[PDB]
Amino acid sequence: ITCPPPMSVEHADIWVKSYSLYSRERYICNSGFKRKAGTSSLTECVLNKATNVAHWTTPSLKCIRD
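Numbered by our numbering, the letters in the sequence shown go through residues 155 to 220 in order.
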């Protein structure tokens, strides 16, 4: 039980080599960028109780320098 590709964020990178059911990942930001005051980039493989496949939340993320 692996997940679909996490394709979100915008101003950030992630690496997760094999995914997993009920796995948490945070975005590394873009090259040097910081999370703005309050933004959360927690992409968690949450079981959507219908599709039987854990997908990757809805994280807003505002990675802006520095």
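Backbone N, C-alpha and C fix where the C-beta goes; we use that ideal spot for every residue, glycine too.
Indicate the three-state DSSP secondary structure (helix, strand or coil) for residue i in the structure shown.
i	result
residue 237	The question about residue 237 has no answer, for the chain in this structure spans 155 to 220.
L196	strand
Could you check where the beta strand (DSSP E) with residue i kicks off and where it finishes?
i	result
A208	208–210
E179	178–180
Out of the options, state which residue places its alpha-carbon closest to the alpha-carbon of residue i.
i	options	result
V207	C183, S174, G192, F187	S174
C157	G186, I218, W210	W210
Would you mind stating whether residue i and residue j have Cβ atoms separated by less than 8 Å?
i	j	result
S177	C199	yes
Which residue or residues does DSSP assign as beta-bridge partners of residue i?
i	result
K188	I218
residue 236	This structure cannot speak to residue 236, because the chain is shown only from 155 to 220.
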